[PDB]
Ligand SMILES: CCCCCCCC(=O)OC[C@H](COP(=O)([O-])O)OC(=O)CCCCCCC
Ligand SMILES: CCCCCCCC(=O)OC[C@H](COP(=O)([O-])O)OC(=O)CCCCCCC
Ligand SMILES: CCCCCCCC(=O)OC[C@H](COP(=O)([O-])O)OC(=O)CCCCCCC
Ligand SMILES: CCCCCCCC(=O)OC[C@H](COP(=O)([O-])O)OC(=O)CCCCCCC
Ligand SMILES: CCCCCCCC(=O)OC[C@H](COP(=O)([O-])O)OC(=O)CCCCCCC
Ligand SMILES: CCCCCCCC(=O)OC[C@H](COP(=O)([O-])O)OC(=O)CCCCCCC
Ligand SMILES: CCCCCCCC(=O)OC[C@H](COP(=O)([O-])O)OC(=O)CCCCCCC
Ligand SMILES: CCCCCCCC(=O)OC[C@H](COP(=O)([O-])O)OC(=O)CCCCCCC
Ligand SMILES: CCCCCCCC(=O)OC[C@H](COP(=O)([O-])O)OC(=O)CCCCCCC
Ligand SMILES: CCCCCCCC(=O)OC[C@H](COP(=O)([O-])O)OC(=O)CCCCCCC
Ligand SMILES: CCCCCCCC(=O)OC[C@H](COP(=O)([O-])O)OC(=O)CCCCCCC
Ligand SMILES: CCCCCCCC(=O)OC[C@H](COP(=O)([O-])O)OC(=O)CCCCCCC
Ligand SMILES: CCCCCCCC(=O)OC[C@H](COP(=O)([O-])O)OC(=O)CCCCCCC
Ligand SMILES: CCCCCCCC(=O)OC[C@H](COP(=O)([O-])O)OC(=O)CCCCCCC
């Protein structure tokens, strides 16, 4: 029931809102995505 | 008695006013929603 | 799945290492526990 | 390589050197482990 | 013919983009919806 | 019920007093008319 | 006296001037309302 | 269903963890308490 | 030699960079797209 | 029936009332014309 | 100008400000209390 | 193709309507001209 | 002499410093590039 | 009296506050416990 | 295997997202690249 | 038994071994003394 | 009575707490393990 | 000749002086080793 | 199989070799004695 | 296979040369002896 995390490699530009990062991360065969707090990076998550 | 919390997967845009976040969170099968103070993100809530 | 988060009420002192906060969260009928990055608060996580 | 990350559940104490974190992460069925640069936390990794 | 407008009753929060305001007005049995320039309210429009 | 609003397409000049604007709006098949507060435009109102 | 506060759940748009927010808050069975300083939210107030 | 909110009158110092603020708020005849995110104030909550 | 404008009805989220808004506007059978200045709305353009 | 918009290029002066802008826009082979809210520019509209 | 010092055994949480520690220390039948500078421990004091 | 922009060299005064700014830009051997949304600067455009 | 400017259509990520934006713009057949102040966009420039 | 010390073999994690180390040390049939200054080791003491 | 590290020679500016650093590092005959946490340097990696 | 602590008033010089510090503390109406770890200060102890 | 020591071949990383060093040394068919005071290495001891 | 770096995985304890770390690195098929400045980690180096 | 530790109260001077400190600790009703590493104090040990 | 080490209990005086310490160590049922580099203590070694 762990949540593994890695940075998106297909997300363009600044990560401001969640649905775009979640959509790109799901496209990368992950389950969810969210933005980082400081550098606005789109992080992909999936169970592991 | 204890409120659990997670970020909304469907809420678009910046979380400014509460009602739009509560509506998106209730649609996601939660009991309420609210914005984060700093990053302005829609956080869904439900009893743990 | 979705991960829900809430602050623990039994963890004493500052949260430095994860196992102690994880232990108190499992004691609080949760799945995992981790420390916050700035104020070092013990946060309990579990499926929503 | 692209690596998924999650914090070690079993690693005790401050993460200073890599081998102790790697040892706990491998025991948790992960490929490797490393210390976070700032907060000094043992993060487990596996290919993604 | 002429276009009559009135404030929406189901649109929550601040009117930023048009599709959300336009969708609520159609559910309110109007033909179109647009955001007010200043106060950012959802104005529903239909033929008079 | 709700009040639908549209500008007058027959009122000439500045909208200073109410009776002339109401009189023009009733001729335009509306129930009432009033002046806008800043630009002094004659506005016609009727039930939606 | 001690005043309790909550954000309005009926106020549409951004909060520029006080009277529109005060009106919505009073319809919500509060005694007054005012605009937040930065994000221009409508905050309702009433004695606790 | 409305959560009224006001700052605690008995909580001393800065609000870091929830239990100390919730404890002081219940002693003030409120149902819960939490820390403000930025100013770290202790805010008491009860149904309006 | 004039350009017709309308807001996108398929663009997701906030318009920061141009290429994403141009791509969504082309899918809506326009020729180009650009962001609004403040509210960051994706505006579609095409020859009138 | 999406509405495409462009600024008038024959309207002289400042757009206060709608009839002058609508008449100028129809002479420009558009279906309607309305004033902008702040700068009072005449804006022509027609189906996209 | 001497004070006998011992660590508090009732102070919960992090010791950032003086008031919370001094409050818990007086309840422990001491006269004052202050926080340690690094680990943020509550230290009670009383005249020797 | 791609459109490059630069502020006009000859346009006198504040840029409110488009036709005046378009004339000055064409006189400067550019294609079109438009106003900036904030400082109201006349911006000339031509293919990059 | 006169500097013509457009936004890059190839620059990936946040524009914090100049050299990364300058390198992308030269590949785009421009001569220089700089970052926007607020949203940190890469803007390419070249002589008109 | 004469006081002897030995490192605790049951205290988990980092020794921050005294009560956890004291409780673990008394569990080991000792009389008191405190933390070392630098490495934060839980040291158990008892009459020797 | 183990990963050797060295700072990229061709990476301009600071390292924000991974794909830019990975691309420059691969062109320098390395297998991967990532950003340093604090100084935001592009560090090229290859098996060792 | 709870132990109170303060630095000696009369201990001459740098605290290295225990007996000299204990002697000065017993003279100062305390029960025992010991050296601090870093600055090597003689610290007197007695029950609170 | 007499005791001989040697460096541990199994203990990884820095030697902070005694139990992990004793556990590795017992696994190396020694009777006890402890950390060297300075270089913080795990030393294995057994009857000599 | 560009040099590559990897943290040692056999060096015991903290890294105070170079020779002990350099010796462990050569046994790891590297050419040299040195201590990190703050956390005193043994870092192995060899030509890339 | 657990050694308790206390500083000698009879050994004079600095502790260089083991036999002298060991002898002084035997007279103090202890099993063994050894020097501290840096300050060269005589430490007496006996089973807990 | 492994060299176990302990301090000699028969060597008198300073340890300047190896042969004198080796002779005393061999007399103590050991294989070899050597001087410590700073304190000049005679240390006996033998297979573990
Ligand atoms: C200096 C006092 C304040 C504490 C600094 C803490 C640094 C920190 O939080 O690093 C993480 C942050 C990147 O965040 P993100 O990539 O997860 O969005 O950091 C960065 O992006 C790195 C740059 C940090 C600022 C420059 C170095 C001092
Ligand atoms: C002008 C300074 C005024 C005082 C600032 C101090 C406020 C404060 O305590 O912030 C801590 C907050 C929550 O911390 P934690 O519970 O996650 O450890 O964590 C954060 O604020 C970080 C999360 C937000 C990330 C975006 C920061 C730009
Ligand atoms: C020929 C000169 C034209 C400009 C001078 C008058 C400005 C103006 O048009 O204000 C009125 C207009 C809407 O008013 P109305 O059409 O409802 O009467 O728009 C507004 O109410 C704009 C409000 C401006 C303040 C915004 C910040 C709170
Ligand atoms: C000590 C006096 C107060 C200053 C420190 C407290 C920070 C603070 O009040 O943040 C401002 C703002 C709050 O919005 P509002 O709901 O109060 O209108 O919310 C935000 O900041 C939202 C995030 C974006 C940052 C501001 C952008 C303009
Ligand atoms: C006095 C200096 C002001 C400088 C900025 C001027 C305001 C401005 O240009 O607002 C643009 C925005 C329209 O959104 P957009 O679709 O054009 O991005 O319009 C609005 O958001 C209208 C409501 C603005 C309310 C502001 C309240 C503080
Ligand atoms: C250097 C600072 C300059 C600030 C004033 C900017 C003036 C300006 O361009 O306002 C016009 C803009 C849109 O007007 P319009 O083309 O719809 O008539 O209006 C809007 O976008 C709506 C908001 C206007 C009022 C803003 C009050 C904060
Ligand atoms: C590898 C293990 C890392 C452990 C990290 C935590 C150590 C630490 O914070 O020690 C604090 C201690 C006293 O702190 P306090 O309780 O007075 O706030 O220290 C001092 O007051 C002395 C200052 C530091 C002197 C020694 C430097 C290592
Ligand atoms: C190639 C660089 C382009 C600008 C980079 C980002 C900063 C910015 O937006 O400044 C300009 C902007 C005016 O917008 P516009 O009317 O020029 O489109 O903002 C203002 O008008 C505010 C600043 C100027 C007035 C300051 C008054 C204290
Ligand atoms: C604290 C936040 C201030 C900016 C609010 C709007 C946020 C936003 O998306 O601004 C983008 C826009 C263009 O800036 P840039 O992305 O080109 O650097 O920026 C502007 O046009 C800003 C103009 C501000 C003029 C103010 C004059 C009083
Ligand atoms: C480069 C500086 C080297 C300092 C260490 C050498 C001296 C040493 O180890 O002294 C023993 C001390 C034990 O402290 P404690 O057991 O009383 O908490 O342990 C420490 O003080 C260990 C601190 C080492 C921490 C280094 C960063 C991880
Ligand atoms: C920075 C200016 C010089 C140091 C001033 C003293 C700072 C201070 O109050 O440190 C006290 C603290 C605890 O020492 P002790 O009472 O446990 O021996 O920890 C220490 O004494 C650790 C610091 C030792 C190293 C001093 C600077 C080289
Ligand atoms: C003056 C102390 C704070 C600044 C230390 C120097 C800044 C720095 O390089 O931080 C990163 C550094 C990495 O250690 P190393 O692997 O390079 O030895 O080490 C750390 O991140 C460890 C932080 C040390 C303080 C820990 C809390 C007491
Ligand atoms: C930066 C990390 C390391 C800082 C010092 C850590 C504490 C430390 O090593 O204390 C023990 C040592 C003497 O101990 P001992 O010989 O009495 O057992 O030393 C002292 O008593 C400390 C006195 C200060 C001078 C130490 C010189 C090596
Ligand atoms: C205030 C007292 C300062 C130290 C004075 C005493 C030094 C001392 O006794 O050094 C020898 C001893 C180990 O010696 P030996 O048993 O290997 O011959 O211990 C050491 O080698 C410890 C070296 C000191 C720390 C060096 C920096 C980490």
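Heads up, residue numbers simply count up from 1 along the chain you see.
Quick check of the header: X-ray crystallography, 2.5 Å.
Every residue, even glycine, has its Cβ placed from backbone N, Cα and C.
Listed features, source Swiss-Prot:
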DISULFID  L:4-L:48  disulfide bond
DISULFID  L:15-L:35  disulfide bond
DISULFID  L:21-L:42  disulfide bond
DISULFID  L:25-L:44  disulfide bond
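Locations of recorded Swiss-Prot features on the structure.
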{"residue": "L:4", "record": "disulfide bond", "Cβ neighbours (10 Å)": "21"}
{"residue": "L:15", "record": "disulfide bond", "Cβ neighbours (10 Å)": "23"}
{"residue": "L:21", "record": "disulfide bond", "Cβ neighbours (10 Å)": "23"}
{"residue": "L:25", "record": "disulfide bond", "Cβ neighbours (10 Å)": "26"}
{"residue": "L:35", "record": "disulfide bond", "Cβ neighbours (10 Å)": "22"}
{"residue": "L:42", "record": "disulfide bond", "Cβ neighbours (10 Å)": "25"}
{"residue": "L:44", "record": "disulfide bond", "Cβ neighbours (10 Å)": "28"}
{"residue": "L:48", "record": "disulfide bond", "Cβ neighbours (10 Å)": "17"}
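Here residue L:15 (disulfide bond) is positioned 23 angstrom away from residue L:48 (disulfide bond), judged by their C-alpha atoms. When the disulfide-bonded residues L:4, L:15, L:35, L:42 are compared by Cα distance to residue L:25 (disulfide bond), the shortest distance belongs to L:42.
Closest in space to residue L:4 (disulfide bond), of the disulfide-bonded residues given as L:21, L:35, L:44, is L:44, taking the CA atom of each residue. Between the CA atoms of residue L:44 (disulfide bond) and residue L:15 (disulfide bond) there is a gap of 12 Å. Cα of residue L:21 (disulfide bond) to Cα of residue L:15 (disulfide bond): a span of 7 Å.
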